[PDB]
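Take a look at the structure set out below.
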Amino acid sequence: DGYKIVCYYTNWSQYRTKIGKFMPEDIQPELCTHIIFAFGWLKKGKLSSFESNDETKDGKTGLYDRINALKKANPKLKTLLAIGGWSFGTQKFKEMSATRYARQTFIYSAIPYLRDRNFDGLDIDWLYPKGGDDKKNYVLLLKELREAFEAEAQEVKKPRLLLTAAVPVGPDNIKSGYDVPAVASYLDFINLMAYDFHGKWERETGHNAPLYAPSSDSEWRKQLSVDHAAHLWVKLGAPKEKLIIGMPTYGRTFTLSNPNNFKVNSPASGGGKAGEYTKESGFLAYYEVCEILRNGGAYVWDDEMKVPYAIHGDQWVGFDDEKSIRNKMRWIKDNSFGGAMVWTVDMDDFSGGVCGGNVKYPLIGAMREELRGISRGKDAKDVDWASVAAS
């Protein structure tokens, strides 16, 4: 019971190098209440593996089992397998949801797939259903999934498989694809993707996940905040306690058109340069932002948005730190939402050796501390970037 801490683990984090290298055993069993495995896949209309080393074969334990092995040390921990995401696209979801036969084919493939691999549930990450057909068919998919999960539980006399989904924060995306009252009814809980509010696809700097929109925001764009998105879902009929609010352990980066104009909503020429470990322009892991702040980068706290950004030369990154995360946890409690979701567990300072505070998982550890009252350790102090970094 209490607030949830829902952590996404991404299987491609296994390929990162040096400090970035992450494996299932790097997760502390007591860190999260739920771990979601990103991702499974779809083949011939049925739930399947993303990559062969997810599976256990011949002598060799796969990633699925290494993640689920965490439940031996913490029997209260729940695991789910996610299907979807950006690589997956939309066409495969369209075809799988379009007819009852295709939906049932997926569903009766999904139940044994999960049970045989000791998963406690399924997370749907269709990004995104769009238009009237998708809007109806998505509901039909969740309805028939929940239906079948309910029946299975009673027949096998085991706790029912959980059904969850990751959902968008953009008002237009929400309106086009989501019959919210029906969607919420069939889901156990809802992982609100409260990040990617801004990024290199825009011509000015903007924060990845502002709690509140800056005053320099046009009036369309002030809709783009964590606060506005979460309350929009409530207004549309989602129960507050089913809303698990996403928290990014990453930032979105820009290259400033002029290094002297570095505030939020400043002209940008494109994405920030790629980090060594995540190798993606416009994007940095939290521990990559830490490296910047520990090597000459300047830190700005925006008291309007209640989030920080960092500047180094013409490089600009909007990210979340221990300060903004704790304030967001207070906002979760003040609004009675269901808990925090994290994207991802593998981009926090999981080794505890990069950001300088010598605490493993400073960000997620802070979430657990604020929401579930569990200490990060005796002398675990937040990094005060205001004094540590430049200004």
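What follows draws every value from the coordinates through simple rules; no lab data is involved. Because the Cβ atoms are built from the backbone with ideal geometry, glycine has one as well, and the counts that use them run over all protein chains shown.
Within the listed set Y309, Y101, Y195, the Gaussian network model of the chain (springs between alpha-carbon atoms below 10 Å) gives the highest mean-square fluctuation for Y101. Result for the chain in a Gaussian network model with C-alpha springs under 10 Å: among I190, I111, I364, the largest mean-square fluctuation is at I111. Residue-normalised convex hull volume from the C-alpha trace of the chain: 138 Å³ per residue. Sites listed here are trypsin sites (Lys or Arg not before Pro) in segment 164-248 whose DSSP assignment is loop and whose Cβ has at most 13 other Cβ atoms within 10 Å: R203.
Beta bridges from DSSP with both residues in the chain: antiparallel share about 40 percent, rounded to the nearest 5. Once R0 is set to 41 Å, what does the formula 1/(1 + (r/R0)^6) return for the Cβ-Cβ distance between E25 and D1, expressed as a FRET efficiency to the nearest 0.05? Using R0 = 41 Å, I get an efficiency of 0.90.
Each listed q (0.15, 0.17, 0.23 Å⁻¹) maps to a log10 I(q)/I(0) for segment 225-353 from the Debye sum over equal C-alpha point scatterers, namely -0.76, -0.93, -1.33.
Going by a ≥ b ≥ c, the root eigenvalues of the Cα gyration tensor, does segment 1-60 fall in the rounded group (a/c under 1.5), the prolate group (a/b larger than b/c) or the oblate group? Cα axes put segment 1-60 in the oblate bin. Loop-located GluC sites (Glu not before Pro) in segment 197-302 (DSSP state other than H, G, I, E, B) with a sparse environment of at most 11 neighbouring Cβ atoms within 10 Å: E219. Counting neighbouring Cβ atoms within 10 Å and putting the fewest first, the residues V354, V234 line up as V234, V354. For segment 1-91, the list of GluC sites (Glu not before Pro) that fall in a loop by DSSP and count at most 13 other C-beta atoms within 10 angstrom reads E51.
Classification of segment 290-352 by its C-alpha gyration tensor yields an oblate form. The axis ratio a/c (a ≥ b ≥ c) is 1.5 or more, and b/c is at least a/b. Take the alpha-carbon centre of segment 148-210, take the same for segment 94-108, and report the distance between them in whole Å. Rounded to whole Å, the Cα centres lie 19 Å apart. If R0 equals 35 Å, the separation of the Cβ atoms of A380 and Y101 corresponds to a calculated FRET efficiency of about 0.05.
Counting only DSSP beta bridges whose two residues both lie in segment 57-211, roughly 10 percent are antiparallel. Once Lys and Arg get +1 and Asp and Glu get -1 on their Cβ, which of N265, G246, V317 lies farthest toward the positive end of the dipole of segment 235-317? Value computed over the given set: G246. Rounded to whole numbers, the Karplus 3J(HN,Hα) couplings from phi for segment 57-72 are 9, 6, x, 9, 5, x, 4, 3, 5, 5, 6, 6, 4, 4, 6, 5 Hz, using 6.51 cos²θ - 1.76 cosθ + 1.60 with θ = phi - 60°, and x at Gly and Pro. Build a GNM of the chain with springs between Cα atoms under 10 Å apart, and of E304, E322, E369 the one that fluctuates most is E304.
A straight chain from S176 to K71 at 0.36 nm per residue would run longer than the Cα-Cα distance by 34.0 nm. The Rg/Rh ratio for segment 1-128, using Cα coordinates for both the radius of gyration and the Kirkwood hydrodynamic radius, is 0.98.
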